[PDB]
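Undergrad: Give the three-dimensional model of this entry:
(7 chains)
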Amino acid sequence: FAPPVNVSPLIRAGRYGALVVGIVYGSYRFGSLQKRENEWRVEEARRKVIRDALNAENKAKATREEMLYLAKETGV
Amino acid sequence: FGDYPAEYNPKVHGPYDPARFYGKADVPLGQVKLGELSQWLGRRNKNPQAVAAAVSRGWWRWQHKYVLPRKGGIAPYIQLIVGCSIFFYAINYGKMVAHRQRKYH
Amino acid sequence: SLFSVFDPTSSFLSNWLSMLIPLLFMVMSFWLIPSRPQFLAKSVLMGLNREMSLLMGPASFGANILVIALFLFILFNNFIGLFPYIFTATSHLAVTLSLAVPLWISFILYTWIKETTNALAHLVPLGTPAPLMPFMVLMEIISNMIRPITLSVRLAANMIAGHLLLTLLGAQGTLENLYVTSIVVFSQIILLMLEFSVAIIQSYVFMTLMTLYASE
Amino acid sequence: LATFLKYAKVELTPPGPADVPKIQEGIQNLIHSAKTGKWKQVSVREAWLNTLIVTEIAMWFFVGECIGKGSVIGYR
Amino acid sequence: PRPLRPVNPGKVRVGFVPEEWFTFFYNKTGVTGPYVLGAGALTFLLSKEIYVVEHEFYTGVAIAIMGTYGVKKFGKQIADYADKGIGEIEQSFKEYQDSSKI
Amino acid sequence: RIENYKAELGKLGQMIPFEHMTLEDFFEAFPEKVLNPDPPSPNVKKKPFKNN
Amino acid sequence: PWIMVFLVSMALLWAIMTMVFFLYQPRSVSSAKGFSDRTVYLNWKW
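TA: Numbers count the residues shown, from 1 in each chain, chains lettered A, B, ... in the order given. Structure as follows:
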């Protein structure tokens, strides 16, 4: 290709400055959102338990009614 | 409807080159010094016929660069496929965003 | 979401712009001696025109270009539609029905208007007995009636099945496991070679069947 | 690909420590271009490019954010 | 002026990207300038999930592999067939001109 | 006839070569062309029409 | 939107038809060998 060109020092300084700022901002935001995800999982565990209990009871009763209706249709 | 544009003069401009703009010599947008960029934008008319003419002139410039030469390659066709796939992804922006893998990002 | 490829209701600029794609991929001719793609496109079109002229006959002057344009329309929508985010127009039954029904009507109505008694004699296939003659008449009527359905279905349902089989393999292509990804990509290479061949074969099938229906 | 590695060594390296007074003289010149002019005398090709370059600096910032957060696709 | 027909089309790097895009940055960012701009762009699209890796990304990858293999295997044969036809046409036109002079 | 042949020879000598010929300069130098009130074909050839 | 689909599909099929209609190579292979026998010498008197 063409002979190499040294980049402008301002471009290199801003690029690596943005790289450093990106690393520390990524570390800070990941540490911030990890606690938020942990709290969300804490409340979602209780929400999952309540939803699972109610949905399993509703599904079991609906399954019983559906099997009774199909036995009525088939006559067995 | 098909006819040459009214600025085309076959006794002055030679044979018809559809990628060439035969009107008055306006400054191309590349070399506008951006202090007169609003004046340049106001100078060009925004008529749909002029817009379709500028699109057709650009498409003929691309044809002249990548297809109309004799030993042309498959680079123009890959450019069309990638340009159509990017455009049709931007059209379906919601249909692909609504099936993401991560939440926060 | 599996079937989300077949949702034309996309944005303000809808997926009906997938029909302007053949205007981009059609060769434009400027110089007297053609380029490589113009010559290749013209050579393929001349070859198919010579193949269809055998089945057409001399009383079908308009069938030289009317079936070639339909072949290129179907071929470009089937071929450039298989690229990933590009919407496939001929997957939907509406576009294939829009291509098959009007030309089939232009064959049936024009044959009935032009040669009525010749068509009525053409109902009997030259040797079947008279007790089987009304059955052959009903068979011919039904077989001509389900002609445009069997073209639109054979194009739309084949393209829908050909892209759903790719979408099923794409959805199982996890990125964490490189082995599963490589299996998916290799199987999709086999499947996409099959789909490109099926796309060109189905466009040639439609051109052949429209030529045979035009001549008969 | 060895020449690409050579160009990466030449061009993707941090700036020299001695050009810090120089780049500030450049940066204040940008401030001198932020108040008086030197930007309404910029060809749109050049202006296009200057923007393009900057987008590259911001993309290096997001690469550094990917480095700081680990994985590329999201915050895992 | 009269339009001219070049023998070779415009220069293209990486299959389809025009070379003028890569040489546009040479005044400022050297040779790896555009390449790292495209790398940062692809990383940013996959970072903020603007480009979502869906079931069609692997279709696009398989198409890219098939296209590279097919072009590298049949590009010379197809270009030779086309240039043979263009030479035959130009030869026929030259033979027509010579026969008319004779 | 000699004057006509010399005029035709000079005109063909002065024609633009086919390598640099656009598809309209060819149709200017060969005015048969293909027109709207003309026997058509998708392959506008020397024998796709009539001949029956 | 079957009506707009039908109209756009048929307008595009007609547009493809008029794109193919101008896709041909005009071969100027009209040989002028007939002029080698068109000239007839002047008949004498016998």
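Undergrad: Quick check: buried residues in the longest helix along chain G?
TA: Ranked by residue count under DSSP state H, the longest helix found in chain G is helix G:2-20. By neighbour count on 16 or more other Cβ atoms under 10 Å in any protein chain shown, the buried set for helix G:2-20 is G:5-6, G:8-9, G:12-13, G:15-17, G:19-20. Heads up, the C-betas are built off the backbone N, CA and C, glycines and all.
Undergrad: Can you tell me the SS state at the closest residue to chain C within chain D?
TA: Going by Cβ to the nearest Cβ, chain C is nearest to residue D:73 of chain D, at 7.8 Å. Under the three-state scheme (DSSP: H, G, I helix; E, B strand; the rest coil), residue D:73 adopts coil.
Undergrad: Check the contact between residue D:15 and residue A:12; I expect there is one.
TA: Yes - between residue D:15 and residue A:12 there is a contact under Cβ atoms under 8 Å: 4.1 Å.
Undergrad: near chain D, which residues of chain E?
TA: Residues of chain E lying close to chain D (Cβ under 8 Å from any Cβ of the partner chain) are E:24-25, E:27-33, E:35-37, E:39-41, E:43-44, E:46-49, E:53.
Undergrad: now these: which count as buried?
TA: For the residues of chain E next to chain D, buried by 16+ other Cβ under 10 Å: E:24-25, E:28-33, E:35-37, E:40, E:43-44, E:46-49, E:53.
Undergrad: Using PDB, list the CA coordinates for whichever strand or helix holds residue D:29.
TA: Element membership for residue D:29, per DSSP states H and E: helix D:20-35. Extracted in PDB, the C-alpha atoms of helix D:20-35 (Å, rounded to 0.1, in the frame of the first residue of the first chain):
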ATOM      1  CA  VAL D  20       1.600  17.700  25.500                       C
ATOM      2  CA  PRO D  21       2.500  21.500  25.300                       C
ATOM      3  CA  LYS D  22       2.100  21.300  21.500                       C
ATOM      4  CA  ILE D  23      -1.400  19.700  21.500                       C
ATOM      5  CA  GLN D  24      -2.700  22.200  24.000                       C
ATOM      6  CA  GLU D  25      -1.500  24.900  21.600                       C
ATOM      7  CA  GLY D  26      -3.500  23.000  19.000                       C
ATOM      8  CA  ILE D  27      -6.400  22.600  21.400                       C
ATOM      9  CA  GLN D  28      -6.500  26.400  22.200                       C
ATOM     10  CA  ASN D  29      -6.300  26.900  18.400                       C
ATOM     11  CA  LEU D  30      -9.500  24.900  18.200                       C
ATOM     12  CA  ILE D  31     -10.800  27.300  20.900                       C
ATOM     13  CA  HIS D  32      -9.500  30.000  18.600                       C
ATOM     14  CA  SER D  33     -11.500  28.200  15.900                       C
ATOM     15  CA  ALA D  34     -14.500  28.000  18.300                       C
ATOM     16  CA  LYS D  35     -14.900  31.800  18.600                       C
END
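Undergrad: Please see if it touches chain E.
TA: No - under the criterion of Cβ under 8 Å from any Cβ, helix D:20-35 makes no contact with chain E; the nearest approach is 13.4 Å.
Undergrad: related to what we said a few turns ago, in helices, which of the buried ones among the residues of chain E next to chain D fall?
TA: Going by DSSP H, the helices hold E:33, E:35-37, E:40, E:43-44, E:46-47 from those.
Undergrad: so which of these also contact chain C?
TA: Okay, of those, nothing touches chain C (Cβ under 8 Å from any Cβ).
Undergrad: Out of those, which comes closest to residue G:40?
TA: Closest approach to residue G:40 among those (Cβ to Cβ): residue E:35, at 75.9 Å.
Undergrad: Tell me the residues of chain E that contact chain A?
TA: Counting by Cβ under 8 Å from any Cβ, the residues of chain E near chain A are E:23, E:26, E:28-31, E:33.
Undergrad: That should have said chain D, apologies.
TA: Looking at chain A, the residues of chain D close enough under Cβ under 8 Å from any Cβ are D:3, D:6-7, D:10-11, D:13-16, D:19-20, D:22-23, D:26-27, D:53, D:56-58, D:60-70, D:75.
Undergrad: For PyMOL, what selects the buried ones among the residues you listed?
TA: Listed next is the PyMOL selection for buried residues among these, using 16+ other Cβ under 10 Å:
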select buried, chain D and resi 7+11+15+19+23+26+53+56+57+60+61+62+63+64+65+66+68+69+75
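Undergrad: Run through the residues of chain D next to chain A and flag the ones next to chain B.
TA: Checking those against chain B (Cβ under 8 Å from any Cβ), the matches are residue D:75.
Undergrad: Now stretch A:30-45: buried residues?
TA: A:30, A:37.
Undergrad: Now it - C-alpha only, PDB.
TA: Extracted C-alpha coordinates of stretch A:30-45, given in PDB (Å, rounded to 0.1, in the frame of the first residue of the first chain):
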ATOM      1  CA  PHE A  30     -21.300  -2.300  34.900                       C
ATOM      2  CA  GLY A  31     -20.700  -2.000  38.700                       C
ATOM      3  CA  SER A  32     -23.800   0.200  38.900                       C
ATOM      4  CA  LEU A  33     -26.100  -2.000  36.900                       C
ATOM      5  CA  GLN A  34     -24.900  -5.200  38.600                       C
ATOM      6  CA  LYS A  35     -26.600  -4.100  41.900                       C
ATOM      7  CA  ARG A  36     -29.700  -3.200  39.900                       C
ATOM      8  CA  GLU A  37     -29.800  -6.600  38.200                       C
ATOM      9  CA  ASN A  38     -29.300  -8.300  41.600                       C
ATOM     10  CA  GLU A  39     -32.200  -6.300  43.100                       C
ATOM     11  CA  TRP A  40     -34.300  -7.100  40.000                       C
ATOM     12  CA  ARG A  41     -33.500 -10.800  40.400                       C
ATOM     13  CA  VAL A  42     -34.400 -10.600  44.100                       C
ATOM     14  CA  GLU A  43     -37.900  -9.200  43.500                       C
ATOM     15  CA  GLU A  44     -38.400 -11.400  40.400                       C
ATOM     16  CA  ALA A  45     -37.700 -14.600  42.500                       C
END
